[PDB]
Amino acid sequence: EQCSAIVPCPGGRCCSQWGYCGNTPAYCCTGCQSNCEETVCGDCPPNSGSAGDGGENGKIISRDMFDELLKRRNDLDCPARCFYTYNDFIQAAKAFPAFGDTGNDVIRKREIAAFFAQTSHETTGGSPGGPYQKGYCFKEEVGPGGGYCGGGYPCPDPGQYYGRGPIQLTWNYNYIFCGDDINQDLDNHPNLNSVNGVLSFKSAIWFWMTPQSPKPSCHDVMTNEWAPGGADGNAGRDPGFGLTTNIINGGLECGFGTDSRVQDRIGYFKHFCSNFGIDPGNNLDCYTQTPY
């Protein structure tokens, strides 16, 4: 839309020198008239290098491999440009030592590909049908709408539990449980997941690693540590990438045939599997799985 210093953007974006609303350096930096500097202006900071060669997990996903998977995330039209770094990812992963470090190298690669595929989908700046190089374009839900509070739990900030970070962590209960396990008060300070890159990655790896009955963890599914428990066989829940989509968002995406969101998750996964030189494995969709 149009805007000026005296008419800010209704939805809160930067008002450019020429009076249009947006979230890129052209709107937000030089000459910006209102609600400025909401994205980084200029070159990203140089790498901290605090992860070095990445350690144990860096044997599966090097610095270069991380930046090849997430090739276009620092395009000028990604609002999260410069936020997501290899050094923060490796520091976060060190807090969940089994992640990407369980099983033979084919399983470790496929776990990491699946994790980056699901988080790339949650934060996608790409177009339906691909290609699949612009994961991790965003770090906050674009139009935060409904209160995201399950009434069972404390809710000091009813409008503030919208999606943040690589898995777009949402709902008061997930901020409670995640914050508890990573020693952060995310219930009272939920913006930590969009202002601190290490905490942001920790929240996504936390979700990936944590069973929440009846759901197994995405980790145990992808590393061949889950077996269908009874109700599961006749709900159609078979081990593979599709079951991680069911765990993440199956109530809205699974059990009713071809769906564009599911296809986008699978598209990122196949692309990342090709980069890693591995096969995606079996049961890639959840089209005939009952949701949890």
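So that there is no doubt, residue numbering starts at 1 and follows the sequence shown.
Student: Can you let me know which of the two, 157-165 or 85-93, has the higher average C-alpha B-factor in the entry?
Tutor: Looking at the recorded C-alpha B-factors, 157-165 comes out higher on average.
Student: Mean C-alpha B-factor higher for 231-239, or for 255-263?
Tutor: The entry gives the higher C-alpha B-factor average to 231-239.
Student: Pick out which of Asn246, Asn57, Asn35, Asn224 has the highest C-alpha B-factor in the PDB entry.
Tutor: Among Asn246, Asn57, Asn35, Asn224, the PDB entry lists the largest C-alpha B-factor for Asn35.
Student: Out of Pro144, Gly103, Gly135, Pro79, whose C-alpha atom has the biggest B factor in the entry?
Tutor: Out of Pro144, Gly103, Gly135, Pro79, the record gives the largest C-alpha B-factor to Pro144.
Student: Is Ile61 in the lowest, middle or highest third of its chain when residues are ranked by C-alpha B-factor?
Tutor: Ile61: CA B-factor falls in the lowest third of its chain.
Student: Could you place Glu68 in the lowest, middle or highest third of its chain by Cα temperature factor, using the values in the record?
Tutor: For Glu68, whose C-alpha B-factor we compare with every modelled residue in the chain, the answer is the middle third.
Student: Per the entry's values, where does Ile176 land by CA temperature factor relative to the rest of its chain, in the lowest, middle or highest third?
Tutor: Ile176: CA B-factor falls in the middle third of its chain.
Student: Split the chain's modelled residues into thirds by Cα B-factor; is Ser203 in the lowest, middle or highest one?
Tutor: For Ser203, the deposited C-alpha B-factor lands in the lowest third.
Student: Using the temperature factors of the C-alpha atoms in this entry, rank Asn193 within its chain: lowest, middle or highest third.
Tutor: Ranked within chain, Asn193 CA B lands in the lowest tercile.
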